[PDB]
Each structure stands twice: as C-alpha cells, then as structure tokens.
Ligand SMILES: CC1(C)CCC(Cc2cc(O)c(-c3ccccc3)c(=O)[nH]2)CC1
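The chain below stands alone and is given in structure tokens; this is the form deposited without this ligand.
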C-alpha cells in the first residue's frame, strides 16, 4: 500500500460525493489508518463515513472555533494512542456564502460574507496546521484542496479570491511546517460535478453549477490533453494520496495540478 502504516487526519467529509470521502477511501485502500472530523450533525457524518472501506474515529472540529482547534491535538492523541503521531493531514474545507458567488454581482457581496468565506477557506488552512503540527511526525505531509485562481472566471467570484489567499497561506504554512520536517502542498483539482437537491417537498437532485459555471467547467475536457471526467473524483483522490506518501519528499509550499493538464493549454 502507498500509505501502509500511515495515520492520516481527513477533514471535509460532508456527503459521499465530498472529495474528502474519496481521498479517505483511497487512503484506506492504500493501508492508511484514518481519523476523521466533522462539525454539524455528527451522526449524519457518521452514517456517511460508515460507507468507507474501514472504520475510523470521528472528532468534532469547527475550524472557526478556537476551543475546538486548541484541543484537537490532544483529542487526536487520545484516539490514535498517546505514543503515536499523525503522518498526514488533509484540509478539504472550502466555503463562501452564496452572495459571493454565481450570478450575484461581484460588487454586492457583503464584507461579512466574504470574511467568513476567507476564514473557512483560506485562514483555516493555517489554523488546522497550527493545531495538528504538535502531533505530526517528522517527514509528515499536509495537503489542502485548491481550484486554480490564477485567472478570473465567471461564477467562482469571491471563492476565487479565497483560493488565491489559500495558495499564499500554503507557502507560509510550508515555511512553518518545514521547521518540524512537515510538508505542505495544495492539489489544484479540475472541476468535479456535484449534485444537490432542490430545497422543497418532492425535490430532486441536480447540478449545483448554474449555466455560466457549467459552461466554464465543460472547458476542462476540451483543453485537457488527456481529457477530464467531471464525474470521476478518483484521479484527484489518488493525487492527494501521492502527496501524502513519501514519493514527493522534496515538494513543499507547492501546488500540484490534477486537472487533465487543462491549465497548460489554451484554445
């Protein structure tokens, strides 16, 4: 197994289509022992995580809660055994209030909303690292999820800005984590299609992206030299696990693209 004997904390599992779910699934298939986090309705998280290959303990973590963050290392140690430390941490937490996205005018997003999206999506990558580094092994690896924000694009709007900030945070976290031998990297994934139910009785599932976002996302498979399957999270999950492994041991503060090569081409 690529991650045999490694102990890995995975944040961000909300549904069975959360990219963190597939990261967790591949890591377990590759021999890792997981610790999972959730915040709201832990019982509902427990139901999803019971669909993973192997059991895994669930810890409560609201990344905006300094008390949760302050106690996390000790709660991790309780569950993995006090002599043991983590080898990997996955940050898969991204959120921006809807006023900051979609067809809401970019200029109309209230600061309070954008600040919260910045907190959850970018600042919390630093918060999580600070919280977990005291219980990580030398040579360990922290990986966060990115969506390339180098160029502006329709709909992604202020979430793009939060990802630009996240990329910058990642470089400082790598500086801090490196002092104790830990790597920090982001995976810039191509778009993965997400379904959500209409919030009404009789509701059905349907694509979350609106028209403009869908048109934007369909460009990836057109551009990607090896194509891009928006319904397939597995290549992204494998890439995260590559960074959690010891096979990129000299990469840190960096961004690895799992996007079919789309960002390298222009049509």
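Numbering follows the first chain given and starts at 1. By rigid core we mean the largest C-alpha set that fits within 1.5 Å across both forms.
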query	finding
Higher-scoring stretch by recorded Cα B factor average, 72-80 or 120-128	72-80
Between the two ranges 171-179 and 186-194, the one averaging a larger CA B factor in the entry	186-194
Per the PDB entry, maximal CA B factor within 57, 219, 235, 225	57
Selection by C-alpha B-factor (highest) of 10, 250, 14, 258	14
Ranked C-alpha temperature factor of residue 262 among modelled chain residues, by third	lowest
Where the record places residue 240 (Cα B-factor, split into thirds across the chain)	lowest
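Beyond the structure shown, there is the form deposited with this ligand bound, which is absent from this document and is the topic of what follows.
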query: Heavy atom within 4.5 Å of this ligand in the entry with it bound - residue from 169, 131, 101, 80; finding: 101
query: Residue among 139, 154, 110, 74 with a heavy atom within 4.5 Å of this ligand in the entry with it bound; finding: 154
query: Segment that reaches this ligand in the entry with it bound - one of 173-181, 80-88, 146-154, 131-139, heavy atoms within 4.5 Å; finding: 146-154
query: Residue 95: touches this ligand in the entry with it bound, heavy atom cutoff 4.5 angstroms; finding: yes
query: Any non-hydrogen atom of residue 242 within 4.5 angstroms of this ligand in the entry with it bound; finding: no
query: Residue 224, heavy atom within 4.5 angstroms of this ligand in the entry with it bound; finding: no
query: Heavy atom of residue 42 within 4.5 Å of this ligand in the entry with it bound; finding: no
query: Interface residues of 28-55 toward this ligand, as seen in the entry with it bound [heavy atoms, 4.5 Å]; finding: none
query: Residue showing a 2 Å-or-more C-alpha displacement between the shown form and the other one once the rigid core is overlaid, selected from 137, 71, 194, 104; finding: 194
query: Core-aligned CA displacement of residue 224 at least 2 Å between the shown form and the other one; finding: no
query: Core-aligned CA displacement of residue 35 at least 2 Å between the shown form and the other one; finding: no
query: Core-superposed comparison between the shown form and the other one, residue 209 Cα displacement 2 Å or beyond; finding: yes
query: Shift in CA distance, residue 154 and residue 208, in the entry with it bound relative to the form shown here, given it is 3 Å or more; finding: closer
query: Distance direction in the entry with it bound for the C-alpha atoms of residue 49 and residue 208, relative to the displayed form (3 angstroms or more); finding: farther
